[PDB]
Structure formats: C-alpha cells, structure tokens
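Asks: Protein chains in written order, with the entry's author numbering: chain A, 721 to 814; chain B, 539 to 670; chain C, 539 to 814; chain D, 435 to 813; chain E, 435 to 813.
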Amino acid sequence: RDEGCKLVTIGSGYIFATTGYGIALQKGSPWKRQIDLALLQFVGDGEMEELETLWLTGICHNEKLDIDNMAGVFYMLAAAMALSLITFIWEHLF
Amino acid sequence: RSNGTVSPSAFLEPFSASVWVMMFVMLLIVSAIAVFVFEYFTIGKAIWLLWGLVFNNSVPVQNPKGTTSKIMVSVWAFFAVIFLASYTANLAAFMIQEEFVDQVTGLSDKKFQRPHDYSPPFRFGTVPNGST
Amino acid sequence: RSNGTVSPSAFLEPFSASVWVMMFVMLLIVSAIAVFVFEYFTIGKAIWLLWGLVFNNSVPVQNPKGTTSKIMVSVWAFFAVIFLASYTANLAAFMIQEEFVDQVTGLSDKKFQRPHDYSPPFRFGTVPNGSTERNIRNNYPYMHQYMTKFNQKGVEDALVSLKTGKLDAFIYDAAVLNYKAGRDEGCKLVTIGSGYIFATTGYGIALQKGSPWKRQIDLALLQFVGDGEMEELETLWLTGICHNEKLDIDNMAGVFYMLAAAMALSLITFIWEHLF
Amino acid sequence: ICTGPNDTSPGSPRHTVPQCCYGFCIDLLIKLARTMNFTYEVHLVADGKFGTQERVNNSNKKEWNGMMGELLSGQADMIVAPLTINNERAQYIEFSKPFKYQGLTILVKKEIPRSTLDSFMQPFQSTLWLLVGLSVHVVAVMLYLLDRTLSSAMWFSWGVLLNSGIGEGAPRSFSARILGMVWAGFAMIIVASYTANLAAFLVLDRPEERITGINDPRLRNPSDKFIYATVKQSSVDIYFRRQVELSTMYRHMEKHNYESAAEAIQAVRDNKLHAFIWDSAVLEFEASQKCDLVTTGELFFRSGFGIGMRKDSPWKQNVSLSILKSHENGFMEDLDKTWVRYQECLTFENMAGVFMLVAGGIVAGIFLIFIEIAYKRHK
Amino acid sequence: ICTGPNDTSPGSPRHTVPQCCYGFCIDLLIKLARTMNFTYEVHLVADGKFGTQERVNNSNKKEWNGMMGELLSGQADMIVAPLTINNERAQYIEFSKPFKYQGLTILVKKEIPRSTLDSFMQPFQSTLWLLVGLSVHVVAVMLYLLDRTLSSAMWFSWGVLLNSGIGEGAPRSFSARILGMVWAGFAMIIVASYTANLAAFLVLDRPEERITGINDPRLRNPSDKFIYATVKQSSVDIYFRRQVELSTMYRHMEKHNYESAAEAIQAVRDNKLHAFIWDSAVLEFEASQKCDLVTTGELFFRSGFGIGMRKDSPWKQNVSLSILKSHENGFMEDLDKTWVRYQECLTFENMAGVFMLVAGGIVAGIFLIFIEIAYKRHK
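#1: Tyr-734 (chain A) touches chain B at which residues, Cβ-Cβ below 7 Å?
#2: Is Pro-452 (chain D) helix, strand or coil by DSSP?
#3: Chain A partners of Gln-556 (chain D), CB-CB under 8 Å?
#4: Taking the alpha-carbon positions, what's the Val-572 (chain E) to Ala-621 (chain E) distance?
#5: Does DSSP put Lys-534 (chain E) in a helix, in a strand, or in coil?
#6: Sorted by chain position, which residues of the same chain lie with C-beta nearer than 6 Å to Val-753 (chain D)'s C-beta, five sequence neighbours on each side aside?
#7: Flag this pair as touching only if the region 645–654 of chain B and the region 611–623 of chain B have three or more C-beta atom pairs under 8 Å; answer yes or no.
#8: Cβ atoms of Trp-558 (chain C) and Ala-618 (chain E): under 8 Å apart, would you say?
#9: Interface residues of chain B around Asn-631 (chain D) at Cβ under 9 Å?
#10: Do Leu-785 (chain A) and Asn-521 (chain E) come within 8 Å of each other at the CB atom, strictly closer than that value?
#11: Between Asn-667 (chain B) and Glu-772 (chain A), what straight-line distance do the alpha-carbon atoms span, to the nearest angstrom?
#12: Contact defined as beta carbons within less than 8 Å: I believe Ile-711 (chain D) pairs with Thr-664 (chain D). What is the distance between those atoms, to the nearest angstrom?
#13: Under 8 Å, do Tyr-717 (chain C) and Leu-757 (chain C) count as touching if we go by C-beta distance?
#14: List the whole-angstrom C-beta distance separating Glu-488 (chain E) from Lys-745 (chain E), where the pair is believed to meet the contact cut-off of C-beta under 8 Å.
#15: What is the DSSP secondary structure of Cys-779 (chain E), counted as helix, strand or coil?
#16: DSSP state of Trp-498 (chain E), grouped into three classes?
#17: When you compare the region 704–720 of chain D with the region 490–501 of chain D, are there three or more beta-carbon pairs, one atom per stretch, that lie closer than 8 Å?
#18: Could you tell me if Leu-566 (chain C) is buried or exposed, where buried requires 16 or more neighbouring beta carbons within 10 angstroms of its beta carbon?
#19: Exposed or buried, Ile-741 (chain E), counting other C-beta atoms within 10 Å across all chains shown (16 or more means buried)?
#20: Write down the C-beta distance between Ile-787 (chain C) and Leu-565 (chain E) rounded to the nearest angstrom, noting that I regard them as a contact closer than 8 Å.
#21: Of all the CB atoms in chain D, is at least one closer than 8 Å to the CB of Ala-615 (chain C)?
#22: CA-CA distance, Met-785 (chain E) and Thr-629 (chain D)?
#23: Under 8 Å, Cβ to Cβ, is there at least one residue of chain E near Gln-761 (chain A)?
#24: For a cutoff of 8 Å on Cβ pairs, would you count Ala-623 (chain B) as touching chain E?
#25: When you compare the CB positions of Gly-731 (chain C) and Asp-640 (chain C), do they come within less than 8 Å of one another, or not?
#26: Counting only Cβ pairs nearer than 7 Å, list the residues of chain E close to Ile-779 (chain C).
#27: Output the distance between the C-alpha atoms of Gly-567 (chain D) and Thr-561 (chain D), rounded to the nearest integer angstrom.
#28: Could you pull the start and end residues of the alpha helix (DSSP H) that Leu-727 (chain D) belongs to?
#29: Which residue wins for smallest C-alpha separation from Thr-450 (chain D), given the options D:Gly-457, D:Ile-435, D:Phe-719, D:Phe-458?
#30: To which residues does DSSP link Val-542 (chain D) through a beta bridge?
#31: Kindly list, in the order they appear in chain C, the residues whose Cβ is closer than 7 Å to that of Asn-595 (chain B).
#32: For the region 658–684 of chain E, which residues have a beta carbon sitting closer than 7 Å to at least one beta carbon of chain C?
#33: If we call anything under 8 Å between Cβ atoms a contact, is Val-573 (chain B) one with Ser-607 (chain B)?
#34: Sort E:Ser-446, E:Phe-660, E:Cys-779 by Cα distance to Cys-725 (chain E) and report the nearest one.
#35: In the DSSP assignment, the alpha helix (DSSP H) including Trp-563 (chain E) goes from what residue to what residue?
#36: Rounded to the nearest angstrom, what separates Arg-811 (chain E) and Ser-612 (chain B) at their Cα positions?
Below, the structure written as structure tokens:
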C-alpha cells in the first residue's frame, strides 16, 4: 500500500529466518489446548484467507525507443566502419 | 528503487549468439548457388543484389539474367520479405515482456557482511527493542 | 451462432469519406509542386512515382531530378512510411478488437411473426404447461399455434437438440437460460439478446390466501436484499464458468469487387481515349 | 398541469405557479386512470428531497422529511415517482409490484481520447529523433573516408534510408560499398524495430484505469484525488448507513453530498466532480443522451422501483394487478420504447499532424530552389 | 540403516530387507539426536500413507492407519517425516513448532512447443493465396490486353509484387499506369493485412491459459476431458472432505485417487494425468530438477510440517525449543541450501524450411534452361 508503488523489498521475500507470529499465554494455562485447536480449525476452514484479503491486501501487490539498443547498434556501426577502414588500409598497403 | 527504473530491453538479452551465424552461412550458401546458376564484377553484382533483396530493394543491379535467374531472385525476395514480417511480429511480441533484477538474496553479500570499508556509506536501519 | 462469427469490416475503414478526398487533393497538390520544381510527359511519370512511393517503391520513374527534388522525395517517403506504419498499427488494433452483432434482438421480429413465407420455417422452442407458453398463447395466437409443432420434454434435452442442430430457436425462462449459457460446455451457446428480456417479472414465494406470515416474510426478504447477503449468495450459486470472461479469403471479397469496378472504369477510360 | 413551487432555492417567495409536466410516470398514471376510475390533481413536491428519516431540530424525536412526509400527511393518495424499495420505507407505508428494475451504475466522465498519432515522438523517445539525425551523416563521412559529386553523394545517402534509390552516389572503393550496404541493413533493422515499437504502443494503448464497482481497492481506499457524490442524501444514504463496512467509507461521501440530482451532474460535466451513484435508469439515459459521459461499473443493490401507497388503502390490489397486466401485455416495453430507448447516441490526428509537415515542405521547396539559384549565381 | 520393506506391490513376500536412507529430514534427525543424547532405530512404515483416518470394515468405530496409526498403537515413538499439521490429527497427537512452511499447489505439464516458424500463408487461407494469385494474373492479362512486351510486363509485375524492382515494365497508355498504381496500392494493402494477421497470431502467443489455484471456475466445474487426483490416503483428502463446498470435485477425485507421489508423477510423464495438487516443497523440487513440468497456480491451506509424538512424552518442550533455536540461529537455512534448492536448468526452422525449397529451384531451373536452349533451337 505504498504511494505510487515506489519502494520495493529486495528479492522475492528472501526471509532470513522464518519464525511466524502467534498469540501468547501464561505458563501452562488451561487455555492452551482449546486456543490451539480453534486456531488450527480457523486456519483450515478458509477464513484466514478472507481476513487476509480484506485487511492487509494492497494495491501494487496485484501490479508488477530503448536507449540500450541504440547504443548497441551504434557500437556495431562503429565496429563495421573500423573494419571497412582497416580493409581499405590493408588494400592500400598491398 | 524508484530512483532508477533500469527497465530491461532487447539489448540486455543476448543477440546474434548462434542463430546469426547460421543465417550468415546459409545466406552465403544461397549466394554461391545463385552465382553458380548464373554462371551457366558479376560476383560483386550478385552479392550486392542478394544483400539488397535481404535488406531493401534500394540496391538494383543487372546481376540476374534469364527467366530462371529472375524467378530465383523473386523467390529470394519473397523469402526475405516473409522473414522481415516475422521479425517485425516477433519484435512487437517482445515488448509485452519486462523482467526484473534481484541479484543479492538475503544477507549473503559483501555490502552487508562487510561493515566498514567498501566505498559508499551504507546504512542498516533497524528499530531497537525487538526480535530483529 | 452455428460456428465462429467474425466481421472483417472491409468497408468500415475511415476511407471513402472527406479524409480520402483530403489525402487525394493533398497528393495532387504535392505532385503539382513536384512538377513545377522539376520544370524549374514528366507530370505522368511523377504522378506514377508518387503513387508508387505511397504504395511500393518498385515503380521506377525518372521525372524529377534535383537537390530540392531529392529533399521533397525524402519528405514524401518519410510521410508514406509514417502513414503505412500508422495504418498497420491501426489494423492490428482493430484485429485485437471484435465486432459481434445480434441475430434477431427481438421477440416480435419479422421472422417470429409469420415464419411460413420466409425461408425454411423456423423453430419455437418451449415446453407446455409452463408460464412463458401461457403468455405466448395469450398475446398472439398464430405464433403459439406454430409453436405447438416444436416442443421437447424438458430443458437439457432441448439444449442437446439445439447443440445437435435439430431445432433452431429456444424460448424459456430468462434466469434458467442465463445460468445454462453461463456454464455451457465450451461456451458455444449464447442468447440472441445480449442481456435482453421482454416480460420482466420476478420470482416469488407463494404464501396462502391471507396467511399471517406475509408482512414478516416481506420485511425479512427486503432486509436480506438490503444488507448485501443476496450479492454473495448469487455469486456463489449463480455464476457462469466463462460468461464474463471473454488474409482471410472472405475478407478480400469487397476489395476484390472494388478492384473489378476500378478495372471496368480503367477499361472504359482506355476505350474512350482510343476513340478520341 | 403541474401545481408546484418554482422557487427551487431554499428560502424565497414560494410561488404556486402552475407548470407543465409529462413523461414516463405521467403516461403510466394516465393508463392507470383509464383502467381504474378516478381523477388526478398532480402537484409537485415542496422540498425536493426523496424522503429519509431524520431527527427533528432542537428536539430528540424523528420524523419523515421530504416527499414521504407529504404521503404521511393529508396529501398522500397515490404517490407516483421514481421511488425505490427499502426496508425503512416499507415498514410504514406499503408498496406495489415493481414497474422497473435498476441498479447503481457508478458514473464517471469519459477520458479524452488523444492517442491518435498526433505527435510522432509521443510514443517513443523524442531524443531518439535527434539521435539518428546526424549519425547517418557520419556514416556518409565514413564512405567519404574510403574516397582517399559530394552533394549528389550526400543526397543519395540521405535518400537511401528513405528508399529513394537515386543511385547517384557510388564511391569507387569496394569497402565503401560494403559499408553502405551495412548501413542500409542497419537502417532497415532500425525502421523495422521502430514500426514494431509503434505497433506495440498502439496495441497496449490503454492508459485508462477507471474504478469498477464499490469493492475495487482504488475506490475502497479513501483519498483526495477526486470526490464522490451520493446525490441529495436520499435513498442511497440509507444503504450506506446500513452497511457498516461501507459506513467506514461513508465519511468522504457524507461531507461532500449535493442537494439535487442534476446540479451535481452539471458540476461533473464542469470538471468539478468525477463520481456519481444514482438509479440506473437516470444515469444510463443521461449518458446515452449527452454523448460526453459514460457509465462504467457493475450493477449492485438491484432493487426495483415501485408506485407508492399509504397504510393499507383499498386501491392496492387493483393497482398491483393492473401493473402486472401491463407488464404481461407488452404495454410497458412499448412505452419504454417511445420515452427512454433512444437519445442521440487511420486516425484523424495521424493524417492531420503529418500533412502539415508535407505542406510546409512543399512551400519551402520553392524557397530552397531560389536560394540554390542565388548561391549558384553568386559564384 | 533403514529397515523398511520392498513389497509395495500387494501380494509380494514381505521380508523387511534392510535398506538405506539419507534425506534432509535424516540430517535434522541426526542433529536432534546429537543435541539431546539419545539413540535411534529408524525403520520405514509398513503400508505407506500419511495417516488419513477411516472406518473399520462394517463397524462404526473410527481407527487410524499408516504412520499415525503406527505411532498411536504403541508401535513407534517418534514420527520424524513430512507430517503436515492438521486439525483432525492434532486432536490427539502433540505436534511441535513447524520446521518448514508450505501450502498446497497445482502441478501440470508445460507445453514445450509454442511456434513453428515454417508455416506458409496457411493460417489465413491457402485458398486466399490461390485467389490472390488468380486475381493478379487476371489483372496482368487485362493490362496487357488493353495495351492495343507481354512477357517483360509480366516479369516486371511479378518483381513489383515481390519487391524485386526489375523495372522492365514500359506501359504504353496512362490508363495502364493508373491501373498499375491501383494494383500496387492493393498489393500494399494485402501486405498490411498479412502483417496484421501475423501480428495477431504473434500477440496471441501461448493461447493455453494457466489454471490459477482452486477459485477458477474452469477447474471447479468437472468434465470428462480433465482428470486429476492427489493420493487416496493423505491430508489433502482430509482437508477436502472436512469443508463442504465442492463435493463434486471430491467424488471426481475419489474415483481416480492414486497411491504415492512417484506413481502420480510417472503417470503425468506419459500424460495419463493432467493436473496434480500436492505439497509446495515436493512439487517445487520436482520442477527444479526435471524442468519439463511447471508449478503454476497460487497456494492455499498454508500449514507447515512438524514432528509428532504422543500427548504425554518427556521430550516435547525440549524438542520444540531445539527446533526453534536452530531455526533462529540459521542451521536450517544451510540444510535448505544444501538439499532442497540446489539445481537449475525465431530459429533455423524459419529458414531451412524454405532454404531447401530454394535448392529445389536450383534442381528445377537449370533443366528448364536446357529447354530454353531447345527453345532457341526450335525457333
């Protein structure tokens, strides 16, 4: 969601060390099993995808006469002219 | 990276790697065949006519003689025109592509690995008091 | 359509209008200027040279010769090159575009009002004991009486017969037909009217005569429509597979006829010149 | 003969000047009066608002304002107008079977089509035009570099790239001929690439990015580029307040609504606003008639129109049955045909921006010939 | 030293012959064993399945199978292998923190050929070429008839229409000159149309579109032309069966489910299949090494792998801590670089296809020249 889609993350998400987010809890609280089961069920039943598409979906994320060719053709023309001059010089010498 | 777009073009892509050599050698073979056919400045005239027919008809000469030579020249001109049309179509289709450069992946680079020296003063912006 | 339909539109080009006269008079003025500059027999040769330069440089003419002549020849060649490049780009853009026309686009058409004396008799696809057939019978009787000949059992059989070519036209409910066309096999069948309906009346939930549910049901249905659930439900249940996702020999017929007409005109002109 | 206020501004000498009114609703009313048996006293609304719930000023209660308030008062009777069906409207009064179907159909002023090859340097890089202007001369110089008729050779080299084929320039050196052929091939490749680039630019000539639908992220995200318009805050504000997710995107339109239906259209065509949300029929007819603007988007909130009634009047059943009969009789489609079904609705710049250059060259040819003659006479 | 069987084909004499196993998961197991000071006796699974649960024969009491069944029935103690985390599994097996992150993905053979470059004017019409040649011959014949040098004019016209520029044409009447100019314009228009058709075919490169994920209706609606299935016993079937929106695809795939990944890939090799839904890492590697197939489509149901063990086991917290510590300090990245991601992979047909034809002329003209040699002798 940048302004004009100017700045870019280097590479195709080359995450150095993937860890992941997550809810916290108290040490050995009785809420661990139920919370984990509910979170896994939510992940499985295509709801997190809807939430992700609704909340943090951007705009540029969907989006994604050359002078170099002119320079190359100029280089080729210069090389051809140099070769022609060399051939003329060789003809004159012989 | 908005400072410099650096959009890739056809010049960056390889040109005349090996197909151009084949094109040149079969052009020379066809020119030699046409010269031999016309045999039974003439060689230079035939070379100029073949080069013009390949490139553009703005180089006329009295190289081909007889009905067979005229037919061969016309066939070569038609082949060159078809090749030029195909080349134009390919060039038009090429413009729908624009790649990107990634190069460095992760922190495995001397810009990041080497803190000091280098030449331009870099930066490693990272807010404190976090996991990073 | 029985098969793929494409319109070459040979006569749809912007030529044969004030623009063509404009370019013709501009070329004539340029030719006159060229003749005057060269003169500072050759007029016809110069006209042929310019006509070739517009068409193809394979027409050798030696009428003009000069430095200013070379400059104007270069300018004319550049103009012709730009014009031909623009024309090729425009033709490519038109080829990218499409022009599809409707078949009948009307229920009370000439065909479906007295089809006996017009081509082989057409077909009126429907099924009796419905709601569309009753309307057809009530509005005009002759079309219904002719429709009594052609009648399938259901809908899928009628669609199969249509695909096999057994029948010609199908008339039935708009929503069901739209759903069938949206999710057809290969998207080979499309309704004649592009989003065209004739007797728009919605569906309904038939209560009993005076039941104590009408107010609550109507209010709940209006609330459902307003709150937006109907949009998602229609997207889930009623959406087509493709639906929204979307040197010919015949193309040269008109230009060949124009060439033949020009040939006849040239022959007439040659005969007239020979007479004089 | 309408009998309604003419002072449309809020606060004026309200004049009950008789007026002249006609159209779709009037024709339907005449048909209903012929089918049924009654007489009409058509009179225009006083305020102009369609009608919405609002809190009474300097109080805490709420009352029906706008045209609906007249229905909830003595006037009432058989309100016929481009009304719309909604839950709040149907809670108090009762409607009939719909006599039309319409959506919302986002309206935006059409972008001006300027991509017509008016300027040759517009698609490609203009500097490239210069980058080839002098280089050819250098190539010719290279040919002259093989010399060890100058004007004729220069003209021949200048014309070969344009397929002139003069044949008047032929240096004796064979290497010069080879270099000339190489340059001709290079020019052919360059012009082929230029034509391909022009064709690609023409094919991909689609700078328009008009927002489609209400769920488009460009339209979903608020900004200050352009400004919306919900038109008079009636029959659409109810929908926007009903949808809380839309209520998040309500404020921008909330503080920028207009107070009528055509004034905002005039502002839009005056390049002051670029957005609109109204009934499908009005916007579509306006776009068809005024061949300047078009409607882009997909229909949403498809709620049909409907004639109005009060409480539970004896006229309801017969009126609804007559409307259904008119729908099934083909009368309504025929009436729509005669009232709203028809209202008016080589690039030109390509041939215009280049013929001027040809005319200028033709004009300057005589001057160049005179200059050459004078130069020859001087020496 | 793995201790698995070699009787994967049913009915074979299972003997539990010792075998070898040296995968990346084995490297992780070695590191874990070294850190924690225990010892291991790894052995393969009997049947081979990721443990998708099912019902026993004619009895409504659920029971497991495969790896999960072997672990749960007091036979094994740790399940270190790709065991993608689910909800039905996690009800009673204590998983660990994931050591990978992958999601389901399609797999389809990539169309190797996309162009031929040796095609004649067949794509538009060969009959179009025939009629164009007939019209050219007819207009030439009429031009030579109205002259009242037919061979010279014919050669000149052929050269002009083939851009040879012979220049041997000498029209006698201005009407013939105008007809020739019109014919040259028509030939230019025909060339423009041919180039337009060529560009239309070129821009349409790769007409076969790519199926993207599962939301695409062209895949959601089944057909007898398309066939795909993942495996008859895995977590993909559990994921599909759990949620009920595309049961038609469920039955379609259940009619053709496979047994193992290798068999499905081999079936794809000879085009017995057309699509394959499987884990991201396996398909990505398979595309990386033998890059004949492709990894198109998006990814869905994101859930990493893990190491499973019973609810009460004294290794749980320590195993999770060790996995997280290695993941953070970067030992896992080295393994990823070493094992999974390590490898990477107009023509002459446009010329030779006509060049040999040119040779045919060299084998045809000369004899005709001999006939021409006779032609002078005959006359």
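Beta carbons are placed, not taken as given, at the ideal position from N, Cα and C, and that holds for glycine.
Replies: On the basis of the supplied data:
#1: As a working note, residue 734 (chain A) is residue 14 in the first sequence. Within 7 Å Cβ-Cβ: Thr-643, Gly-644.
#2: The residue given as residue 452 (chain D) occupies position 18 in the fourth sequence. It is a strand residue.
#3: As a first step, residue 556 (chain D) is located in the fourth sequence; it is residue number 122 there, counting from the start. In chain order: nothing, as chain A lies at least about 11 Å away.
#4: In the fifth sequence, counting from the first residue as 1, residue 572 (chain E) sits at position 138. In the fifth sequence, counting from the first residue as 1, residue 621 (chain E) sits at position 187. If I take the Cα positions, the gap works out to 14 Å.
#5: Here residue 534 (chain E) corresponds to residue number 100 of the fifth sequence, with the count starting at 1. Three-state DSSP puts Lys-534 (chain E) in coil, outside helix and strand.
#6: As a working note, residue 753 (chain D) is residue 319 in the fourth sequence. Hits under 6 Å: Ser-530.
#7: Touching, no, given that fewer than three Cβ pairs across the two stretches are closer than 8 Å.
#8: In the fifth sequence, the residue the question calls residue 618 (chain E) occupies position 184. In the third sequence, the residue the question calls residue 558 (chain C) occupies position 20. No.
#9: Translated into the one-based positions of the fourth sequence, residue 631 (chain D) becomes position 197. For a Cβ distance threshold of 9 Å, residue set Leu-629, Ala-630, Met-633 of chain B lies close to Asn-631 (chain D), ordered along the chain.
#10: The sequence position of residue 521 (chain E) within the fifth sequence is 87, counting from 1. The sequence position of residue 785 (chain A) within the first sequence is 65, counting from 1. Annotated as distal: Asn-521 (chain E) and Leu-785 (chain A), with beta-carbon spacing of 8 Å or more.
#11: Looking up residue 667 (chain B) in the second sequence gives position 129. Looking up residue 772 (chain A) in the first sequence gives position 52. Taken atom to atom, the span from the alpha-carbon of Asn-667 (chain B) to that of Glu-772 (chain A) is near 27 Å.
#12: Numbered from 1 along the fourth sequence, position 277 holds the residue referred to as residue 711 (chain D). Numbered from 1 along the fourth sequence, position 230 holds the residue referred to as residue 664 (chain D). Their Cβ separation, rounded to whole angstroms, is 6 Å, which keeps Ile-711 (chain D) and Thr-664 (chain D) in contact under 8 Å.
#13: The residue given as residue 717 (chain C) occupies position 179 in the third sequence. The residue given as residue 757 (chain C) occupies position 219 in the third sequence. Their beta carbons are not under 8 Å apart, which means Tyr-717 (chain C) does not touch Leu-757 (chain C) by this criterion.
#14: For this step, residue 488 (chain E) is matched to residue 54 along the fifth sequence. For this step, residue 745 (chain E) is matched to residue 311 along the fifth sequence. Not confirmed; about 22 Å, so no contact.
#15: Here the question's residue 779 (chain E) lines up with position 345 in the fifth sequence. It is coil, neither helix nor strand.
#16: The residue you call residue 498 (chain E) lines up with position 64 of the fifth sequence. Residue state, collapsed to three classes: coil.
#17: A contact between stretches requires three or more CB pairs, one per stretch, nearer than 8 Å, and the region 704–720 of chain D fails this requirement with the region 490–501 of chain D.
#18: For the purposes of this step, residue 566 (chain C) is taken as the residue at position 28 of the third sequence. That one is exposed.
#19: On the fifth sequence, residue 741 (chain E) is found 307 positions in, with the first residue counted as 1. By the neighbour-count definition (other C-beta atoms within 10 Å, threshold 16), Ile-741 (chain E) is a buried residue.
#20: Locating residue 787 (chain C) in the third sequence gives position 249, where the first residue counts as 1. Locating residue 565 (chain E) in the fifth sequence gives position 131, where the first residue counts as 1. Going by Cβ atoms, the distance from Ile-787 (chain C) to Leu-565 (chain E) rounds to 6 Å, so yes, they are a contact pair.
#21: Within the third sequence, numbered from 1, the residue matching residue 615 (chain C) stands at position 77. It does; some Cβ of chain D falls within 8 Å.
#22: Position 351 of the fifth sequence, counting from 1, holds the residue named residue 785 (chain E). Position 195 of the fourth sequence, counting from 1, holds the residue named residue 629 (chain D). Approximately 23 Å between the Cα atoms of the pair.
#23: Sequence index remark: in the first sequence, residue 761 (chain A) carries index 41 (1-based). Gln-761 (chain A) has a beta carbon lying within less than 8 Å of a beta carbon in chain E.
#24: As a first step, residue 623 (chain B) must be located in the second sequence, where it is residue number 85. With respect to chain E, the C-beta atom of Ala-623 (chain B) has a partner C-beta closer than 8 Å.
#25: Position 193 of the third sequence, counted from the first residue, corresponds to residue 731 (chain C). Position 102 of the third sequence, counted from the first residue, corresponds to residue 640 (chain C). In contact: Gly-731 (chain C) and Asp-640 (chain C) (Cβ atoms closer than 8 Å).
#26: Position 241 of the third sequence, counted from the start, is the residue given in the question as residue 779 (chain C). The contacting residues are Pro-651, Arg-652, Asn-655.
#27: On the fourth sequence, position 133 is the one that residue 567 (chain D) refers to. On the fourth sequence, position 127 is the one that residue 561 (chain D) refers to. About 10 Å.
#28: To locate residue 727 (chain D), count along the fourth sequence from 1; it is residue 293. Here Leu-727 (chain D) belongs to no alpha helix (DSSP H); instead the beta strand (DSSP E) covers 727–729.
#29: Stepping through the fourth sequence from its first residue, residue 450 (chain D) is reached at position 16. Closest option to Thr-450 (chain D), Cα to Cα, is D:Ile-435.
#30: The count along the fourth sequence starts at 1 and reaches residue 542 (chain D) at position 108. The bridge partners DSSP lists for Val-542 (chain D) are D:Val-728.
#31: Position 57 of the second sequence, counted from the first residue, corresponds to residue 595 (chain B). Within chain C, the residues near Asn-595 (chain B) are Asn-595, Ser-596.
#32: From the region 658–684 of chain E, no residue has a Cβ closer than 7 Å to chain C.
#33: The sequence position of residue 573 (chain B) within the second sequence is 35, counting from 1. The sequence position of residue 607 (chain B) within the second sequence is 69, counting from 1. Not a contact, by the Cβ cut-off of 8 Å.
#34: Here residue 725 (chain E) refers to the residue found at position 291 when the fifth sequence is read from its first residue. Comparing C-alpha distances from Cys-725 (chain E) to each of E:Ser-446, E:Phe-660, E:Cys-779 shows the shortest one belongs to E:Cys-779.
#35: For the purposes of this step, residue 563 (chain E) is taken as residue 129 along the fifth sequence, with counting starting at 1. DSSP places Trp-563 (chain E) inside the alpha helix (DSSP H), whose first and last residues are 560–579.
#36: In the fifth sequence, residue 811 (chain E) corresponds to position 377, counting from 1. In the second sequence, residue 612 (chain B) corresponds to position 74, counting from 1. The straight-line gap from Cα to Cα measures roughly 27 Å.
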